[PDB]
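Scroll down for the structure; my scribbles are underneath it.
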Amino acid sequence: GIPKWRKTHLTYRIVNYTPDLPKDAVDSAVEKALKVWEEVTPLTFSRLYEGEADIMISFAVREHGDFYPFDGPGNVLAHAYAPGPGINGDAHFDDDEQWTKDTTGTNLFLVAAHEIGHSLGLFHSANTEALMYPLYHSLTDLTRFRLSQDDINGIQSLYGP
Ligand SMILES: O=C(CN(CCO)S(=O)(=O)c1ccc(-c2ccccc2)cc1)NO
Ligand SMILES: [Ca+2]
Ligand SMILES: [Ca+2]
Ligand SMILES: [Zn+2]
Ligand SMILES: [Zn+2]
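This note's numbering numbers the first residue of the sequence shown as 700 and each following residue consecutively.
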């Protein structure tokens with residue numbers, strides 16, 4: 700049990716969207732990803748807009764010159780930060796892509812969950828069922844989507860025993 704600067708309560712801010720799909724896709728994805736950890740660990744969060752909350756989820760169009768420019772439908776889709784004094788819980792989403800909620804392309808729900816897990820203080824895992832797996836698995840089985848012992852231990856080290 701050792702979370703972000705020992706803080707149990709983290710605030711998140713939505714500063715991203717999707718040009719392809721509706722706003723339910725992006726807003727609910729961030730919250731479902733944010734709360735997917737809430738449904739697994741006793742973490743506390745709040746969604747606001749002030750200026751900059753703990754976790755800041757922003758969009759990144761082709762002018763993405765902070766790490767990698769737009770790649771279109773490439774294998775890369777997002778990047779996030781966690782153990783930092785400033786970049787604490789901050790991520791970016793490739794705007795130039797087909798963000799979808801049904802796995803029809805760039806699953807923004809799975810990606811957000813994976814990005815949120817990163818921002819919370821976790822890196823990559825090894826199990827194929829793990830939400831923190833280094834590969835976006837085209838798993839059409841959204842009825843079997845869940846957290847696994849692999850990523851579970853990762854978030855457990857953060858907010859658990
Ligand atoms: O993981 C990433 C981005 N990627 C590079 C990792 O090598 S990726 O290839 O775009 C990517 C995207 C999504 C997922 C993913 C999403 C949901 C569940 C499991 C994996 C894994 C990698 N950033 O933290
Ligand atoms: Ca891409
Ligand atoms: Ca931050
Ligand atoms: Zn970026
Ligand atoms: Zn990752």
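Cβ coordinates follow ideal geometry from the N, Cα and C atoms, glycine included.
According to DSSP, residues forming a beta bridge with residue i
i, result
"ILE756", "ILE713 and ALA790"
"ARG746", "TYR711"
"residue 862", "Residue 862 falls outside the range modelled here, since the chain spans only 700 to 860, and no answer is possible."
"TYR780", "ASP789"
Residue environment, residue i, which counts as buried when at least 16 other CB atoms sit within 10 Å
i, result
"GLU814", "buried"
"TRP798", "buried"
"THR805", "buried"
"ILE701", "exposed"
"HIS708", "exposed"
Cβ-heavy atom distance, residue i to ligand 1, below 7 Å
i, result
"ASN774", "yes"
"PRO833", "yes"
"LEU809", "yes"
Closer than 7 Å: residue i CB and nearest ligand 3 heavy atom
i, result
"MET755", "yes"
Unbroken alpha helix (DSSP H) run spanning residue i, endpoints
i, result
"residue 946", "This structure cannot settle anything about residue 946, because the visible part of the chain is limited to 700 through 860."
"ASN852", "848-857"
Cβ-heavy atom distance, residue i to ligand 2, below 7 Å
i, result
"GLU814", "no"
"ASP793", "yes"
Residue i CB to nearest heavy atom of ligand 4 below 7 Å
i, result
"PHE744", "no"
Closer than 7 Å: residue i CB and nearest ligand 5 heavy atom
i, result
"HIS817", "yes"
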